[PDB]
Amino acid sequence: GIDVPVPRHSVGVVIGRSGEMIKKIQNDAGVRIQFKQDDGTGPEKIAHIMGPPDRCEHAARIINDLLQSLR
């Protein structure tokens, strides 16, 4: 999969409540998104997108597009 920067100030939006929002992402994308401790950087965590190689980028865009306004 891919290790993707997700701002710790923005993960609130990505997670929503209960992680229901990010589950909806994983649902429609057909992926797994695991928030690592932090990794890679400081003010951002790493969302670990996994599954199919192209699908990782598809789901990457879902999250990234959401993070576009946030970062």
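Cut-off values and rules
Residues numbered from 1 in each chain as written, not as in the entry; some residues may be left out. Heavy atoms only, no water. Core = buried A, V, L, I, M, F, W, Y, C linked by side-chain atoms within 4.5 Å. Buried < 20%, exposed > 50% of the residue type's maximum accessible area, 1.4 Å probe, protein only. Helix = DSSP H or I, 4+ residues; strand = E, 2+ residues; numbered from the N terminus. Salt bridge = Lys/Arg side-chain N within 4 Å of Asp/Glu carboxyl O.

Per the PDB record, the structure was determined using solution NMR.

The protein chain is annotated in the PDB entry as KH-type splicing regulatory protein from Homo sapiens. For this entry, the PDB record gives the title as "Solution structure of the third KH domain of KSRP".

Enquirer: An account of the nonpolar core is requested, with residue identities and associated values reported.
Expert: Core analysis: the largest hydrophobic core is formed by 17 residues, its most contacted members being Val6, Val14, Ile33, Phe35, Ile49 and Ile63. Among the elements of the structure, β1 (2–7), α1 (11–15), α2 (20–29), β2 (32–35), β3 (44–50) and α3 (53–70) are those that each provide at least two residues to this core. By residue number, the principal contributor to this core is α3, which donates five residues.

Enquirer: Provide a residue-level description of the pattern of salt bridges, including the pertinent values.
Expert: If the charged atoms of two oppositely charged side chains come close together, the side chains can form a pair. Taken as a whole and assessed by the stated rule, the structure comprises six salt bridges. Measuring nitrogen to oxygen at the nearest pair gives 2.6 Å for the salt bridge that ties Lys24 to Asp28. Of this pair, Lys24 and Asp28 are both found in helix α2, four residues apart, which corresponds to roughly one turn of the helix. Relative accessible area serves as the criterion here: at 46%, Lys24 is assigned to the partly exposed category. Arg71 serves as the salt-bridge partner of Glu44, at 2.6 Å between the closest nitrogen and oxygen. With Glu44 in strand β3 and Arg71 in the segment after α3, the pair connects residues that are 27 residues apart, well separated along the chain. Classification of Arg71 as partly exposed rests on a relative accessible area of 47%.

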